[PDB]
């Protein structure tokens, strides 16, 4: 029913992909430890979601931990589009060293089939990042 909110990940997300440590990716959903930790090139990490076409993003957030030192994300770019070849920047977020819950998207009025969370920088220029979970709430249309 249009307008009602959703919090069941599997009813909103068709697929979840990550740039590295693919075997750990499911930790982003339930938020358990040890969390997803990238194993790739500095500033090139990403998480990509495909969203079912009757779901708008009501809330999208990520959980970080200041105790992670140089694994803590510090600069994140969120993009969305109708294909992975059509991603446009939606928001650039500068994370502060003491942040824990990081808002990424809210109250989207446009449908995004693909959403990308790109970790462009980590605290103290760490190479890899740790993200302790994603929070997704959807609105049916």
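Numbering follows the first chain given and starts at 1.
Asker: Got a sec? Mean C-alpha B-factor, which is higher, 23-31 or 95-103?
Answerer: Higher mean C-alpha B-factor: 95-103.
Asker: Decide which of the stretches 47-55 and 62-70 has the higher mean C-alpha B-factor, going by the entry.
Answerer: Result of the comparison: 62-70.
Asker: Place residue 136 in the lowest, middle or highest third of its chain's C-alpha B-factors, as listed in the PDB entry.
Answerer: For residue 136, the deposited C-alpha B-factor lands in the middle third.
Asker: Check where residue 82 lands among this chain's C-alpha B-factors and tell me if it's the lowest, middle or highest third.
Answerer: Middle third, going by the recorded CA B-factors of the chain.
Asker: Split the chain's modelled residues into thirds by Cα B-factor; is residue 130 in the lowest, middle or highest one?
Answerer: It falls in the bottom third of the chain.
Asker: Comparing residue 76 with the other modelled residues of its chain, is its CA B-factor in the lowest, middle or highest third?
Answerer: As the PDB entry reports it, the C-alpha B-factor of residue 76 lands in the lowest third of its chain.
Asker: Check where residue 88 lands among this chain's C-alpha B-factors and tell me if it's the lowest, middle or highest third.
Answerer: For residue 88, the deposited C-alpha B-factor lands in the highest third.
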